[PDB]
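Have a look at coords.pdb below; it lists PDB, C-alpha atoms.
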```pdb
ATOM      1  CA  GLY A 237      13.769  98.406 230.784  1.00  0.00           C
ATOM      2  CA  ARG A 238      16.977  99.708 229.230  1.00  0.00           C
ATOM      3  CA  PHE A 239      16.578 103.266 230.467  1.00  0.00           C
ATOM      4  CA  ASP A 240      20.325 103.883 230.128  1.00  0.00           C
ATOM      5  CA  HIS A 241      20.034 102.868 226.469  1.00  0.00           C
ATOM      6  CA  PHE A 242      17.036 105.202 226.203  1.00  0.00           C
ATOM      7  CA  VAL A 243      18.866 108.196 227.657  1.00  0.00           C
ATOM      8  CA  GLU A 244      21.896 107.574 225.409  1.00  0.00           C
ATOM      9  CA  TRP A 245      19.549 107.270 222.412  1.00  0.00           C
ATOM     10  CA  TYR A 246      17.742 110.471 223.457  1.00  0.00           C
ATOM     11  CA  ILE A 247      21.078 112.286 223.862  1.00  0.00           C
ATOM     12  CA  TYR A 248      22.016 111.078 220.369  1.00  0.00           C
ATOM     13  CA  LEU A 249      18.714 112.393 218.979  1.00  0.00           C
ATOM     14  CA  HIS A 250      19.352 115.797 220.606  1.00  0.00           C
ATOM     15  CA  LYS A 251      22.855 115.769 219.214  1.00  0.00           C
ATOM     16  CA  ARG A 252      21.643 114.546 215.846  1.00  0.00           C
ATOM     17  CA  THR A 253      19.215 117.419 215.319  1.00  0.00           C
ATOM     18  CA  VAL A 254      22.293 118.914 213.476  1.00  0.00           C
ATOM     19  CA  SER A 255      25.098 118.838 216.081  1.00  0.00           C
ATOM     20  CA  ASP A 256      26.779 115.452 215.674  1.00  0.00           C
ATOM     21  CA  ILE A 257      27.402 115.187 211.961  1.00  0.00           C
ATOM     22  CA  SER A 258      28.894 118.671 212.472  1.00  0.00           C
ATOM     23  CA  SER A 259      31.294 117.105 214.987  1.00  0.00           C
ATOM     24  CA  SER A 260      32.042 114.045 212.803  1.00  0.00           C
ATOM     25  CA  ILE A 261      32.526 116.162 209.657  1.00  0.00           C
ATOM     26  CA  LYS A 262      33.841 119.664 210.325  1.00  0.00           C
ATOM     27  CA  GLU A 263      36.110 119.576 213.415  1.00  0.00           C
ATOM     28  CA  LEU A 264      37.574 116.150 212.565  1.00  0.00           C
ATOM     29  CA  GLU A 265      38.349 117.191 208.956  1.00  0.00           C
ATOM     30  CA  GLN A 266      39.798 120.524 210.068  1.00  0.00           C
ATOM     31  CA  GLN A 267      42.081 118.822 212.614  1.00  0.00           C
ATOM     32  CA  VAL A 268      43.128 116.358 209.887  1.00  0.00           C
ATOM     33  CA  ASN A 269      43.762 119.164 207.354  1.00  0.00           C
ATOM     34  CA  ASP A 270      45.686 121.184 209.958  1.00  0.00           C
ATOM     35  CA  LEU A 271      47.932 118.181 210.568  1.00  0.00           C
ATOM     36  CA  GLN A 272      48.229 117.568 206.787  1.00  0.00           C
ATOM     37  CA  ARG A 273      49.349 121.160 206.199  1.00  0.00           C
ATOM     38  CA  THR A 274      51.683 120.812 209.190  1.00  0.00           C
ATOM     39  CA  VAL A 275      53.468 117.689 207.924  1.00  0.00           C
ATOM     40  CA  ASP A 276      54.266 118.775 204.338  1.00  0.00           C
ATOM     41  CA  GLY A 277      57.938 117.936 204.972  1.00  0.00           C
ATOM     42  CA  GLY A 278      57.109 114.533 206.541  1.00  0.00           C
ATOM     43  CA  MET A 279      58.595 114.034 210.057  1.00  0.00           C
ATOM     44  CA  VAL A 280      56.862 111.114 211.819  1.00  0.00           C
ATOM     45  CA  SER A 281      57.418 112.666 215.277  1.00  0.00           C
ATOM     46  CA  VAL A 282      54.213 114.667 214.901  1.00  0.00           C
ATOM     47  CA  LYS A 283      52.853 112.529 212.071  1.00  0.00           C
ATOM     48  CA  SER A 284      52.116 110.016 214.889  1.00  0.00           C
ATOM     49  CA  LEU A 285      49.109 112.070 216.072  1.00  0.00           C
ATOM     50  CA  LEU A 286      47.789 112.480 212.512  1.00  0.00           C
ATOM     51  CA  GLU A 287      47.217 108.807 211.704  1.00  0.00           C
ATOM     52  CA  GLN A 288      45.265 108.446 214.964  1.00  0.00           C
ATOM     53  CA  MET A 289      43.175 111.501 213.998  1.00  0.00           C
ATOM     54  CA  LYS A 290      42.556 110.209 210.456  1.00  0.00           C
ATOM     55  CA  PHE A 291      41.568 106.800 211.839  1.00  0.00           C
ATOM     56  CA  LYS A 292      39.155 108.473 214.259  1.00  0.00           C
ATOM     57  CA  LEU A 293      37.757 110.498 211.332  1.00  0.00           C
ATOM     58  CA  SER A 294      37.304 107.244 209.380  1.00  0.00           C
ATOM     59  CA  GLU A 295      35.653 105.570 212.383  1.00  0.00           C
ATOM     60  CA  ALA A 296      33.234 108.506 212.694  1.00  0.00           C
ATOM     61  CA  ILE A 297      32.679 108.606 208.915  1.00  0.00           C
ATOM     62  CA  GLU A 298      31.318 105.147 209.489  1.00  0.00           C
ATOM     63  CA  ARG A 299      28.318 104.809 211.885  1.00  0.00           C
ATOM     64  CA  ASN A 300      26.740 107.668 209.862  1.00  0.00           C
ATOM     65  CA  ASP A 301      26.306 106.331 206.315  1.00  0.00           C
ATOM     66  CA  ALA A 302      23.798 103.727 207.490  1.00  0.00           C
ATOM     67  CA  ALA A 303      22.168 106.420 209.644  1.00  0.00           C
ATOM     68  CA  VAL A 304      21.511 108.532 206.532  1.00  0.00           C
ATOM     69  CA  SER A 305      20.819 105.810 203.937  1.00  0.00           C
ATOM     70  CA  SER A 306      18.695 103.553 206.176  1.00  0.00           C
ATOM     71  CA  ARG A 307      16.510 106.343 207.545  1.00  0.00           C
ATOM     72  CA  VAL A 308      12.736 106.477 207.090  1.00  0.00           C
ATOM     73  CA  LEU A 309      11.755 108.765 209.978  1.00  0.00           C
ATOM     74  CA  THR A 310      13.830 111.893 210.487  1.00  0.00           C
ATOM     75  CA  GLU A 311      15.872 112.181 213.657  1.00  0.00           C
ATOM     76  CA  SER A 312      13.736 114.955 215.188  1.00  0.00           C
ATOM     77  CA  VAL A 313      10.289 113.452 214.588  1.00  0.00           C
ATOM     78  CA  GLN A 314      11.400 110.377 216.565  1.00  0.00           C
ATOM     79  CA  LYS A 315      12.197 112.739 219.439  1.00  0.00           C
TER      80      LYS A 315
ATOM     81  CA  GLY B 237      60.150  87.612 244.386  1.00  0.00           C
ATOM     82  CA  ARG B 238      58.950  90.688 242.475  1.00  0.00           C
ATOM     83  CA  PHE B 239      60.262  89.669 239.075  1.00  0.00           C
ATOM     84  CA  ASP B 240      57.673  92.021 237.550  1.00  0.00           C
ATOM     85  CA  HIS B 241      59.351  94.970 239.267  1.00  0.00           C
ATOM     86  CA  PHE B 242      62.780  93.645 238.273  1.00  0.00           C
ATOM     87  CA  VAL B 243      61.965  93.289 234.585  1.00  0.00           C
ATOM     88  CA  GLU B 244      60.253  96.717 234.472  1.00  0.00           C
ATOM     89  CA  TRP B 245      63.292  98.216 236.233  1.00  0.00           C
ATOM     90  CA  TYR B 246      65.611  96.438 233.793  1.00  0.00           C
ATOM     91  CA  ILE B 247      63.772  97.758 230.718  1.00  0.00           C
ATOM     92  CA  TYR B 248      64.057 101.198 232.384  1.00  0.00           C
ATOM     93  CA  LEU B 249      67.805 100.648 232.745  1.00  0.00           C
ATOM     94  CA  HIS B 250      68.205  99.421 229.153  1.00  0.00           C
ATOM     95  CA  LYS B 251      66.367 102.442 227.724  1.00  0.00           C
ATOM     96  CA  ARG B 252      68.301 104.858 229.944  1.00  0.00           C
ATOM     97  CA  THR B 253      71.624 103.184 229.084  1.00  0.00           C
ATOM     98  CA  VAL B 254      71.183 103.050 225.304  1.00  0.00           C
ATOM     99  CA  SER B 255      69.442 106.434 224.922  1.00  0.00           C
ATOM    100  CA  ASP B 256      69.500 108.693 227.994  1.00  0.00           C
ATOM    101  CA  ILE B 257      73.201 108.366 228.889  1.00  0.00           C
ATOM    102  CA  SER B 258      75.089 107.378 225.703  1.00  0.00           C
ATOM    103  CA  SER B 259      74.326 110.646 223.868  1.00  0.00           C
ATOM    104  CA  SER B 260      72.630 112.631 226.692  1.00  0.00           C
ATOM    105  CA  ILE B 261      68.889 112.896 227.368  1.00  0.00           C
ATOM    106  CA  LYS B 262      67.102 112.917 224.011  1.00  0.00           C
ATOM    107  CA  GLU B 263      63.763 111.059 224.011  1.00  0.00           C
ATOM    108  CA  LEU B 264      62.095 113.753 226.134  1.00  0.00           C
ATOM    109  CA  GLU B 265      63.590 116.774 224.346  1.00  0.00           C
ATOM    110  CA  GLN B 266      62.651 115.431 220.899  1.00  0.00           C
ATOM    111  CA  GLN B 267      58.962 115.511 221.863  1.00  0.00           C
ATOM    112  CA  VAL B 268      59.548 118.818 223.663  1.00  0.00           C
ATOM    113  CA  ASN B 269      60.714 120.096 220.261  1.00  0.00           C
ATOM    114  CA  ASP B 270      57.628 118.435 218.756  1.00  0.00           C
ATOM    115  CA  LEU B 271      55.482 120.541 221.104  1.00  0.00           C
ATOM    116  CA  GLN B 272      57.478 123.646 220.134  1.00  0.00           C
ATOM    117  CA  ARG B 273      56.781 122.749 216.496  1.00  0.00           C
ATOM    118  CA  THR B 274      53.042 122.241 217.100  1.00  0.00           C
ATOM    119  CA  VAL B 275      52.488 125.092 219.579  1.00  0.00           C
ATOM    120  CA  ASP B 276      52.012 127.808 216.915  1.00  0.00           C
ATOM    121  CA  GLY B 277      50.283 125.904 214.116  1.00  0.00           C
ATOM    122  CA  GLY B 278      47.022 127.840 214.434  1.00  0.00           C
ATOM    123  CA  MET B 279      44.249 126.449 216.607  1.00  0.00           C
ATOM    124  CA  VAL B 280      45.966 124.596 219.438  1.00  0.00           C
ATOM    125  CA  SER B 281      43.557 121.617 220.063  1.00  0.00           C
ATOM    126  CA  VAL B 282      46.309 119.479 221.680  1.00  0.00           C
ATOM    127  CA  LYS B 283      45.517 119.967 225.382  1.00  0.00           C
ATOM    128  CA  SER B 284      45.477 116.178 225.943  1.00  0.00           C
ATOM    129  CA  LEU B 285      49.223 115.881 225.241  1.00  0.00           C
ATOM    130  CA  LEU B 286      50.046 119.475 226.215  1.00  0.00           C
ATOM    131  CA  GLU B 287      50.256 118.579 229.920  1.00  0.00           C
ATOM    132  CA  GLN B 288      50.809 114.804 230.100  1.00  0.00           C
ATOM    133  CA  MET B 289      54.384 115.235 228.837  1.00  0.00           C
ATOM    134  CA  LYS B 290      55.086 118.437 230.798  1.00  0.00           C
ATOM    135  CA  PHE B 291      55.201 116.540 234.098  1.00  0.00           C
ATOM    136  CA  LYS B 292      57.349 113.793 232.548  1.00  0.00           C
ATOM    137  CA  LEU B 293      60.139 116.388 232.531  1.00  0.00           C
ATOM    138  CA  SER B 294      59.345 117.048 236.200  1.00  0.00           C
ATOM    139  CA  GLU B 295      59.469 113.281 236.836  1.00  0.00           C
ATOM    140  CA  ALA B 296      62.891 113.012 235.179  1.00  0.00           C
ATOM    141  CA  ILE B 297      64.037 116.048 237.181  1.00  0.00           C
ATOM    142  CA  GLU B 298      62.973 115.049 240.695  1.00  0.00           C
ATOM    143  CA  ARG B 299      63.545 111.283 240.393  1.00  0.00           C
ATOM    144  CA  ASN B 300      66.658 110.891 238.231  1.00  0.00           C
ATOM    145  CA  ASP B 301      68.585 113.557 240.181  1.00  0.00           C
ATOM    146  CA  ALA B 302      68.982 111.077 243.044  1.00  0.00           C
ATOM    147  CA  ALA B 303      70.165 108.310 240.701  1.00  0.00           C
ATOM    148  CA  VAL B 304      72.684 110.496 238.829  1.00  0.00           C
ATOM    149  CA  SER B 305      73.721 112.569 241.871  1.00  0.00           C
ATOM    150  CA  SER B 306      76.212 111.632 244.598  1.00  0.00           C
ATOM    151  CA  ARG B 307      73.710 109.690 246.732  1.00  0.00           C
ATOM    152  CA  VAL B 308      73.010 106.877 244.228  1.00  0.00           C
ATOM    153  CA  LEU B 309      75.769 105.580 241.958  1.00  0.00           C
ATOM    154  CA  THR B 310      75.919 105.519 238.161  1.00  0.00           C
ATOM    155  CA  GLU B 311      73.097 103.705 236.361  1.00  0.00           C
ATOM    156  CA  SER B 312      75.397 101.897 233.906  1.00  0.00           C
ATOM    157  CA  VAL B 313      77.302 100.605 236.936  1.00  0.00           C
ATOM    158  CA  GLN B 314      73.932  99.468 238.368  1.00  0.00           C
ATOM    159  CA  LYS B 315      73.237  97.528 235.158  1.00  0.00           C
TER     160      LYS B 315
END
```
Represent the structure contained in this file as structure tokens.
Amino acid sequence: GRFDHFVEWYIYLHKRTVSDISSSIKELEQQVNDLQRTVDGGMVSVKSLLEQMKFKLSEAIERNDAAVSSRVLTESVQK
Amino acid sequence: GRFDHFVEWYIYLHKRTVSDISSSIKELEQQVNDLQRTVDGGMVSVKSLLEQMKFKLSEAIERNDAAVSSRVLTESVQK
């Protein structure tokens, strides 16, 4: 049996009983907004970090929309 | 013959010739100044690149001092 897949799934249920969308939304947006308010003059030499952060925020803003829209059982009752 | 080592060494020499020795050492201090720009932006959150560049300065101090000093001759002459 895929017990490693089970323990990763169980970890994701524990951190999806509020504390993963929190991570994907709040801290990623606040890092992105901090960089956006940092770079108001431009200057690619720290804008390099920002595009990586915004791409990571986009990558984590995927893998969540299907998890909310295609959800019949809530993520705690499965646990 | 370690042509891999030669071509890596020769890209090192090209970068150091066109940038590090034509108008002094610049590619490390520009990202040092990037860290001095981003060190007081609020929440720090940049510990991944806070220390991985700090020992690059130490690398350029304790390895290039032999190559620029009296023991090993001038790098443009090596090229």
Exercise. What does the PyMOL selection byres ((chain B and resi 278) around 12) select in this file, as a ChimeraX atom specification?
Worked result: /A:266-267,269-271,273-274 /B:273-277,279-282
I'd like the superposed copy of chain A - fitted to chain B by least squares over all paired Cα atoms - as a short mmCIF file (atom, residue, chain, number, x, y, z; two decimals) with C-alpha atoms, keeping the file's coordinate frame.
```cif
data_model
loop_
_atom_site.label_atom_id
_atom_site.label_comp_id
_atom_site.auth_asym_id
_atom_site.auth_seq_id
_atom_site.Cartn_x
_atom_site.Cartn_y
_atom_site.Cartn_z
CA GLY A 237 61.99 86.97 246.52
CA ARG A 238 60.91 89.91 244.39
CA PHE A 239 62.19 88.50 241.12
CA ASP A 240 59.80 90.72 239.14
CA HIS A 241 61.35 93.73 240.89
CA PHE A 242 64.77 92.28 240.05
CA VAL A 243 64.02 91.87 236.35
CA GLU A 244 62.55 95.40 236.15
CA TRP A 245 65.64 96.74 237.95
CA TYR A 246 67.91 94.76 235.60
CA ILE A 247 66.01 96.08 232.57
CA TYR A 248 66.46 99.60 233.97
CA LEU A 249 70.20 99.00 234.39
CA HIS A 250 70.45 97.80 230.76
CA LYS A 251 68.47 100.82 229.67
CA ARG A 252 70.47 103.10 231.92
CA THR A 253 73.83 102.16 230.42
CA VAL A 254 73.07 105.27 228.22
CA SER A 255 69.66 104.53 226.65
CA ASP A 256 67.09 105.90 229.09
CA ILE A 257 68.31 109.40 229.82
CA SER A 258 68.48 109.59 226.01
CA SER A 259 64.76 108.77 225.95
CA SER A 260 63.89 111.15 228.82
CA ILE A 261 66.00 113.99 227.36
CA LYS A 262 66.24 113.96 223.57
CA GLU A 263 62.99 112.52 222.13
CA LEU A 264 60.78 114.16 224.78
CA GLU A 265 62.41 117.59 224.26
CA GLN A 266 62.25 117.26 220.48
CA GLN A 267 58.54 116.36 220.58
CA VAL A 268 57.98 119.33 222.91
CA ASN A 269 59.98 121.70 220.65
CA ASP A 270 58.17 120.40 217.56
CA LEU A 271 54.84 121.19 219.23
CA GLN A 272 56.18 124.59 220.41
CA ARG A 273 57.22 125.52 216.87
CA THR A 274 53.86 124.21 215.65
CA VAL A 275 51.74 126.35 217.99
CA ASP A 276 53.36 129.78 217.41
CA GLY A 277 49.91 131.19 216.57
CA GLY A 278 48.27 129.57 219.64
CA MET A 279 45.22 127.37 218.79
CA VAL A 280 44.37 125.10 221.74
CA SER A 281 42.97 122.37 219.44
CA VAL A 282 46.45 120.93 219.00
CA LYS A 283 47.90 122.72 222.02
CA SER A 284 45.97 120.05 224.01
CA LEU A 285 48.57 117.38 223.13
CA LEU A 286 51.48 119.70 224.00
CA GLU A 287 50.67 120.25 227.68
CA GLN A 288 50.40 116.47 228.13
CA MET A 289 53.80 116.07 226.42
CA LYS A 290 55.41 118.82 228.53
CA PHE A 291 53.97 117.27 231.70
CA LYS A 292 55.36 113.87 230.68
CA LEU A 293 58.73 115.55 230.01
CA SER A 294 58.57 117.11 233.49
CA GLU A 295 57.62 113.77 235.05
CA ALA A 296 60.59 112.11 233.33
CA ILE A 297 62.89 115.03 234.21
CA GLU A 298 62.10 113.98 237.74
CA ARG A 299 63.05 110.39 238.76
CA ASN A 300 66.48 111.16 237.23
CA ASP A 301 67.94 114.01 239.31
CA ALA A 302 68.10 111.81 242.41
CA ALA A 303 69.48 109.01 240.22
CA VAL A 304 72.42 111.23 239.21
CA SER A 305 73.00 113.19 242.44
CA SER A 306 72.51 110.27 244.86
CA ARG A 307 74.73 107.84 242.96
CA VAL A 308 77.85 106.25 244.44
CA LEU A 309 78.20 103.18 242.21
CA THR A 310 77.78 103.70 238.48
CA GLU A 311 74.83 102.05 236.77
CA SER A 312 76.93 99.51 234.84
CA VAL A 313 79.15 98.29 237.68
CA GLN A 314 75.99 97.32 239.59
CA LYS A 315 75.04 95.19 236.59
#
```
Problem set entry | Interatomic distance, atom CA of residue A:246 to atom CA of residue A:315 (Å, one decimal) |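 Going from atom CA of residue A:246 over to atom CA of residue A:315, I get 7.2 Å.
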Problem set entry | Shell of 12 Å around residue B:254, all atoms listed in the file, local chain residues under 6 positions omitted, as a ChimeraX atom specification | /B:247-248,260-263,311-312,315
For this session: May I ask for the distance between atom CA of residue A:241 and atom CA of residue A:259, given in Å to one decimal place?
Result: 21.5 Å
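Near residue B:304, within 12 Å and counting all atoms listed in the file, sit residues 252, 256, 257, 296, 297, 298, 299, 300, 308, 309, 310, 311, 312, 313 and 314 of chain B; same-chain residues fewer than 4 positions away were not included.
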For this session: For each of B:306, B:258, B:253, B:284, take the minimum atom-to-atom distance to chain A, counting only C-alpha atoms, then give the residue where this is smallest.
Result: B:284
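As for atom CA of residue A:285 and atom CA of residue A:272, they are spaced 10.8 Å apart.
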Exercise. From the set A:307, A:294, A:289, A:301, which residue has the shortest atom-to-atom contact distance to chain B, counting all atoms listed in the file?
Worked result: A:289
For this session: Select, from A:249, A:242, A:268, A:302, the residue with the minimum atom-to-atom distance to chain B, counting all atoms listed in the file.
Result: A:268
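Between residue A:291 and the candidates A:244, A:250, A:265, A:238, the tightest atom-to-atom separation, counting all atoms listed in the file, involves A:265.
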Dump stretch 244-271 of chain B with N, CA and C atoms to a file, as a short mmCIF file (atom, residue, chain, number, x, y, z; two decimals), in the first residue's frame.
```cif
data_model
loop_
_atom_site.label_atom_id
_atom_site.label_comp_id
_atom_site.auth_asym_id
_atom_site.auth_seq_id
_atom_site.Cartn_x
_atom_site.Cartn_y
_atom_site.Cartn_z
N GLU B 244 35.33 25.56 -17.77
CA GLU B 244 34.81 26.27 -16.60
C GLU B 244 35.78 27.34 -16.12
N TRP B 245 37.07 27.01 -16.09
CA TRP B 245 38.12 27.96 -15.73
C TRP B 245 38.19 29.11 -16.73
N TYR B 246 37.93 28.84 -18.01
CA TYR B 246 38.02 29.88 -19.02
C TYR B 246 36.81 30.81 -18.99
N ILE B 247 35.62 30.30 -18.67
CA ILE B 247 34.48 31.18 -18.43
C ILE B 247 34.71 32.03 -17.18
N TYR B 248 35.32 31.44 -16.14
CA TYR B 248 35.75 32.21 -14.96
C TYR B 248 36.67 33.36 -15.35
N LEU B 249 37.66 33.06 -16.21
CA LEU B 249 38.61 34.08 -16.63
C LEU B 249 37.96 35.14 -17.50
N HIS B 250 37.03 34.75 -18.38
CA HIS B 250 36.34 35.74 -19.21
C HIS B 250 35.49 36.69 -18.37
N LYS B 251 34.74 36.15 -17.40
CA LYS B 251 33.92 36.99 -16.53
C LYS B 251 34.79 37.91 -15.68
N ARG B 252 35.89 37.39 -15.15
CA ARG B 252 36.77 38.20 -14.31
C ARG B 252 37.53 39.24 -15.13
N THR B 253 37.82 38.95 -16.40
CA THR B 253 38.50 39.91 -17.25
C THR B 253 37.57 41.03 -17.69
N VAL B 254 36.35 40.69 -18.14
CA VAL B 254 35.47 41.72 -18.68
C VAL B 254 34.79 42.52 -17.56
N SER B 255 34.62 41.95 -16.37
CA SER B 255 33.86 42.62 -15.33
C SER B 255 34.69 42.94 -14.09
N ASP B 256 35.40 41.95 -13.54
CA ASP B 256 36.03 42.09 -12.24
C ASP B 256 37.31 42.92 -12.27
N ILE B 257 37.95 43.07 -13.42
CA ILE B 257 39.25 43.73 -13.49
C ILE B 257 39.27 44.93 -14.44
N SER B 258 38.29 45.07 -15.34
CA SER B 258 38.29 46.23 -16.24
C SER B 258 37.85 47.49 -15.51
N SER B 259 36.82 47.39 -14.67
CA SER B 259 36.30 48.52 -13.90
C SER B 259 36.06 48.08 -12.46
N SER B 260 37.07 47.41 -11.87
CA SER B 260 37.10 46.87 -10.51
C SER B 260 36.01 45.83 -10.25
N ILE B 261 35.93 45.34 -9.02
CA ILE B 261 34.99 44.27 -8.69
C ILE B 261 33.61 44.88 -8.49
N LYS B 262 32.64 44.43 -9.29
CA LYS B 262 31.33 45.08 -9.33
C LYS B 262 30.16 44.13 -9.17
N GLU B 263 30.25 42.90 -9.70
CA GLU B 263 29.10 42.00 -9.72
C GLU B 263 28.75 41.46 -8.34
N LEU B 264 29.69 41.51 -7.39
CA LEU B 264 29.38 41.15 -6.01
C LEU B 264 28.85 42.34 -5.22
N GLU B 265 29.44 43.53 -5.41
CA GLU B 265 29.00 44.70 -4.67
C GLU B 265 27.65 45.23 -5.14
N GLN B 266 27.24 44.95 -6.38
CA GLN B 266 25.91 45.38 -6.81
C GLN B 266 24.82 44.60 -6.08
N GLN B 267 25.03 43.31 -5.83
CA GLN B 267 24.06 42.55 -5.05
C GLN B 267 24.27 42.70 -3.55
N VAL B 268 25.46 43.13 -3.12
CA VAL B 268 25.64 43.62 -1.75
C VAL B 268 24.77 44.86 -1.52
N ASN B 269 24.79 45.79 -2.48
CA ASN B 269 23.93 46.97 -2.40
C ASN B 269 22.46 46.62 -2.54
N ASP B 270 22.15 45.54 -3.27
CA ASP B 270 20.78 45.02 -3.29
C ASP B 270 20.34 44.53 -1.92
N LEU B 271 21.24 43.84 -1.19
CA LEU B 271 20.91 43.43 0.17
C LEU B 271 20.78 44.63 1.11
#
```
